[PDB]
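The form deposited in one PDB entry is given below as one chain in structure tokens.
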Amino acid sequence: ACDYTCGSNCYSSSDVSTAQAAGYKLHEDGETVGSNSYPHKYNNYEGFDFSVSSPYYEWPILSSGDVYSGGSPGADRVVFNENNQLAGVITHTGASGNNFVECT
């Protein structure tokens, strides 16, 4: 079973934990990867009910299970805050333009 489902992509809690670890470490190092410079700030204009406080940061989680290293980020993201707490798993899949919907 999938702990999070983004469109047709399935992720386990281990895939989320691995992606968050890598994105939080670049945050601590003041570094980014990719054309679109991840991790970068996430603003909750859609009003998702995250129970952790901002600032929030978004980082790609890949369907392949590999940690994002630059290259196409795909449509899925883990969102974490400044204290390295998981906020949620969201996706551009099924949302117009640059908006997002939450993974279920």
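From 1 onward, residues are counted along the sequence shown.
Absent from the display: the form solved in complex with a small molecule. The rest refers to it.
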is_contact(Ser63, the small molecule) in the deposited bound form, heavy atom dist at most 4.5 Å: no
Distance check, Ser69 to the small molecule in the deposited bound form, heavy atom within 4.5 Å: no
Any non-hydrogen atom of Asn44 within 4.5 angstroms of the small molecule in the deposited bound form: yes
Non-hydrogen atom contact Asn98 with the small molecule in the deposited bound form at 4.5 angstroms: yes
